[PDB]
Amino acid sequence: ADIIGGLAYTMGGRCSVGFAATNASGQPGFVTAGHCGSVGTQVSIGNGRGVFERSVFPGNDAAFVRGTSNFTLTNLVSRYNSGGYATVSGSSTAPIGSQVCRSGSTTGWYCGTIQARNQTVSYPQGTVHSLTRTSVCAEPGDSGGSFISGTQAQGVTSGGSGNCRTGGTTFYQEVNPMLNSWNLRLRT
């Protein structure tokens, strides 16, 4: 199964792929939101199978799913309704005010603006800090999805308010803290 940002995967519910990445051992997988699965949780995506190797939620909302079978990495992110794909060439942080787009398996591809960083939000399960707020909408299922600016990966969908029918606000977990802390390499 091709690991592409924004695609759906299941684990006793549905979430979306953040970004294809490899761990310190060179094993293929992808970063996503930690609320999508506890450590040890099994994942299915197409004919692919994986497991949550790393996961932290609440506090943070980050996770890395390691492929155990049929994981083919790509440096792509699906643009669904807008067609085609965005390419990932790195993860240079975009400035506040920059445009940013989100890819999720429920609503698809929506874009907005990076409004503020270092945000703390309260979810039913607890508080999550260090998040980045954007004017993009999101709906259940989009969780873990890619937030990308141009060709630079920014983060993974954590949560928010509203919906994509009337609009809303969506926060994301920065990608670099995951790549750094867990010694991961983004597929480019």
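Numbering starts at 1 and runs along the sequence shown.
**Student:** State which stretch shows the higher mean Cα B factor in the entry: 126-134 or 45-53.
**Tutor:** Comparing 126-134 with 45-53, the higher mean C-alpha B-factor belongs to 45-53.
**Student:** Can you tell me which stretch has the higher mean Cα B-factor, 178-186 or 2-10?
**Tutor:** Result of the comparison: 178-186.
**Student:** Hey, out of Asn163, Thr32, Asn60, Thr120, whose CA B-factor is highest in the deposited coordinates?
**Tutor:** Result of the comparison over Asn163, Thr32, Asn60, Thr120: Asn163.
**Student:** Identify, among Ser91, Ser98, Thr72, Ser78, the residue whose C-alpha carries the highest B-factor in the deposited PDB entry.
**Tutor:** In this record, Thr72 carries the highest C-alpha B-factor of the candidates.
**Student:** Determine, from the deposited record, the chain-internal third of the Cα B-factor for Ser149: lowest, middle or highest.
**Tutor:** Middle third by C-alpha B-factor.
**Student:** By the recorded C-alpha temperature factor, relative to the other modelled residues in its chain, which third is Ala20 in?
**Tutor:** Lowest third, going by the recorded CA B-factors of the chain.
**Student:** Sorting the chain's CA B-factors, does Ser82 end up in the lowest, middle or highest third?
**Tutor:** It belongs to the highest third of the chain when residues are ordered by C-alpha B-factor.
**Student:** Would the CA B-factor of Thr170 place it in the lowest, middle or highest third of its chain?
**Tutor:** Middle third.
**Student:** Taking the chain's C-alpha temperature factors as the reference, tell me which third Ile114 falls into: lowest, middle or highest.
**Tutor:** Tercile = lowest for this residue's CA B-factor.
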